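A.B. asks:
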Amino acid sequence: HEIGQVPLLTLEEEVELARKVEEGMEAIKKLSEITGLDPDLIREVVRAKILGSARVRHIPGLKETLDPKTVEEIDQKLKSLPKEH
Amino acid sequence: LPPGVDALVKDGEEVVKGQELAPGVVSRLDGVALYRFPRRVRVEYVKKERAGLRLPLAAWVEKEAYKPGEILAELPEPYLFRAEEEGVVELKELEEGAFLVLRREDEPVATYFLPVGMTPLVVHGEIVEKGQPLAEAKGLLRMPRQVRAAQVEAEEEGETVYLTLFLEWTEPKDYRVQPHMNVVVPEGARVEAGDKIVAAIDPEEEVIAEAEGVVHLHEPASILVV
DNA sequence: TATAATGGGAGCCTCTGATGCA
DNA sequence: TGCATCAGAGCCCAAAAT
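Order-wise, the sequence lines are chains F and D.
Under the authors' numbering, think of the first position of the first sequence as 86, with each following residue one higher.
Under the authors' numbering, think of the first position of the second sequence as 171, with each following residue one higher.
(1) Just the C-alpha distance for residue 187/D and residue 368/D, rounded to the nearest angstrom, thanks.
(2) If we define contact as Cβ-Cβ less than 8 Å, is residue 101/F a contact residue for chain D?
(3) Under 8 Å Cβ to Cβ from residue 229/D, same chain only, skipping five residues before and after it: list those, please.
(4) With a cut-off of 8 Å on the beta carbons, I'd call residue 202/D and residue 182/D a contact; round off their distance for me.
(5) Which ranges does the beta strand (DSSP E) cover as unbroken runs of at least 3 residues, wholly within the segment 227-256 of chain D, from first to last along the chain?
(6) Could you tell me which chain F residues have their CB closer than 7 Å to the CB of residue 349/D, listed as they occur along the chain?
(7) Any beta carbon of chain D sitting closer than 8 Å to that of residue 104/F?
(8) Which partner residues does residue 330/D have in the DSSP bridge list?
(9) Let me see if you follow: with CB-CB separation under 8 Å, is residue 207/D close to chain F or not?
(10) Between residue 129/F and the rest of its own chain, which residues show a CB-CB distance below 7 Å, the 5 nearest in sequence each way excluded?
(11) Take residue 96/F as the anchor and find which of 378/D, 350/D, 386/D and 355/D has the nearest alpha-carbon.
(12) Helix or strand or just coil, what does DSSP make of residue 297/D?
(13) Hey, is residue 370/D's beta-carbon within less than 8 Å of any beta-carbon in chain F?
(14) Would you verify that the beta carbon of residue 192/D is, or is not, closer than 8 Å to some beta carbon of chain F?
(15) Leaving aside the five residues before and after residue 193/D along the sequence, list all residues of the same chain whose C-beta is less than 6 Å from its C-beta, in chain order.
(16) Compare the C-beta of residue 221/D against all C-beta atoms of chain F and say whether one is closer than 8 Å.
(17) Answer with yes or no whether the minimum CB distance from residue 391/D to chain F is below 8 Å.
(18) For the candidate residues 318/D, 333/D and 173/D, whose alpha-carbon lies nearest to that of residue 237/D?
(19) Whole angstroms is fine: what's the gap from residue 354/D's alpha carbon to residue 348/D's?
(20) Measure how close the beta-carbons of residue 283/D and residue 221/D come, nearest whole angstrom, since I'm counting them as under 8 Å.
(21) Could you spell out where the beta strand (DSSP E) holding residue 309/D opens and where it closes?
(22) Under a Cβ-count criterion, where at least 16 other Cβ atoms within 10 Å of its own Cβ denotes burial, should residue 138/D be classed as buried or exposed?
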């Protein structure tokens with residue numbers, strides 16, 4: 086029943102999501118370059134803010150414990166970037 | 171939205187519950203309507219050109235500019251507007267009204283403007299000589315609905331006026347967007363030459379803006395009311 | 001690592017106590 | 001407040017079981 090609550094994608098809708106996903110990964114690569122920050126660490130901060138406050142936890146590979154204090158610091162560092170970045 | 175059916179509301183427009191989005195589609199909630207996948211992008215390109223006309227002095231109303239639809243002249247009797255240069259005719263017809271462009275070699279020697287009420291007597295690519303009638307003008311002639319006159323100069327020679335009109339209008343060109351393409355440009359956007367409108371997998375099939383213009387979205391795949 | 005693929009499957013007593021309706 | 005309906009609780013011992 087829960088499965089049945091998400092409508093299936095149109096070819097257009099499917100390509101849009103797939104396209105945005107690929108582009109998002111390319112964006113994470115760029116932010117690594119600009120900031121000199123771990124791409125994986127960047128991905129978890131981005132992912133943390135999208136999923137919401139509900140899920141926040143340490144990831145086995147990350148060197149820093151991932152908690153609202155650290156994700157705020159890094160999110161605030163990303164928002165401290167120039168417009169084109 | 172049923173195939174081929176164009177939407178009533180435009181992308182970005184605030185919408186009340188019950189409002190009709192498309193001929194067969196009615197919205198269930200209040201909020202902002204959003205276009206999902208526009209199939210056809212219509213770009214109105216901006217053109218500003220200087221074109222001439224000659225009229226009987228008694229038939230024309232003096233103004234410094236003409237808004238679309240405004241009455242340009244009223245002719246007591248039918249008048250034959252004649253070529254003032256020899257050349258081959260490039261006839262470019264607007265929604266209503268026409269432009270006529272004489273060229274020798276490839277260099278344009280004259281650009282004439284035929285308002286509404288003026289029927290071309292020539293066809294595209296016709297050779298004309300000085301003094302032969304290009305267009306018949308009968309009764310009241312007025313500006314077409316889609317074209318303006320920003321500046322109007324008038325010279326008087328004998329019993330006629332020669333108007334040098336600085337005319338501004340938009341010429342539409344439609345582009346078809348395929349399912350694997352995404353529109354990278356917003357509704358009502360201003361694009362210059364080289365600007366990308368629609369993007370695609372490979373460099374060809376991309377839509378690059380040909381010249382200065384504004385962008386309009388039509389035939390969306392669906393409308394998302396949020 | 002790439003045609004497209006998009007919602008499952010089996011089924012057969014008595015007393016006591018809490019719970020959901022006149 | 002008084003009454004059905006249902007879920008969950010029970011239902012001998014030892015021997016043996018090839």
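No residue lacks a Cβ here, since even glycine has one placed at the ideal position from N, Cα and C.
C.D. replies: Inspection of the coordinates gives the following:
(1) Distance between the alpha carbons of residue 187/D and residue 368/D is about 32 Å.
(2) Between residue 101/F and chain D, the shortest Cβ-Cβ separation is below 8 Å.
(3) Hits under 8 Å: 243, 244, 245, 246 and 249.
(4) The C-beta distance from residue 202/D to residue 182/D rounds to 7 Å, short enough to meet the 8 Å contact threshold.
(5) Segments of the beta strand (DSSP E) lying fully in the segment 227-256 of chain D: 241-244 and 249-252.
(6) Ordered by position in chain F, the residues that pass the 7 Å Cβ test against residue 349/D are 96, 97 and 100.
(7) Answer yes: the Cβ-Cβ gap between residue 104/F and chain D drops below 8 Å somewhere.
(8) 226/D and 327/D, per the DSSP bridge assignment.
(9) Interface residue, yes.
(10) For residue 129/F, where only same-chain residues beyond five positions count, the Cβ hits under 7 Å are 144, 147 and 151.
(11) Checking every option, the nearest Cα to that of residue 96/F belongs to 350/D.
(12) Here residue 297/D sits in strand by DSSP.
(13) Taking Cβ atoms only, chain F never reaches closer than 8 Å to residue 370/D, which makes this a no.
(14) It does not; no Cβ of chain F falls within 8 Å.
(15) The answer, listed in chain order, is 175.
(16) Chain F, which has no Cβ nearer than 8 Å to the Cβ of residue 221/D, makes this no.
(17) Cβ-Cβ to chain F under 8 Å: yes for residue 391/D.
(18) Each of 318/D, 333/D and 173/D was checked against the Cα of residue 237/D, and the nearest Cα belongs to 318/D.
(19) If you draw a straight line from the Cα of residue 354/D to the Cα of residue 348/D, it comes to about 13 Å.
(20) About 4 Å; that satisfies the 8 Å criterion.
(21) Its beta strand (DSSP E) spans residues 303-312.
(22) This structure cannot speak to residue 138/D, because chain D is shown only from 171 to 396.
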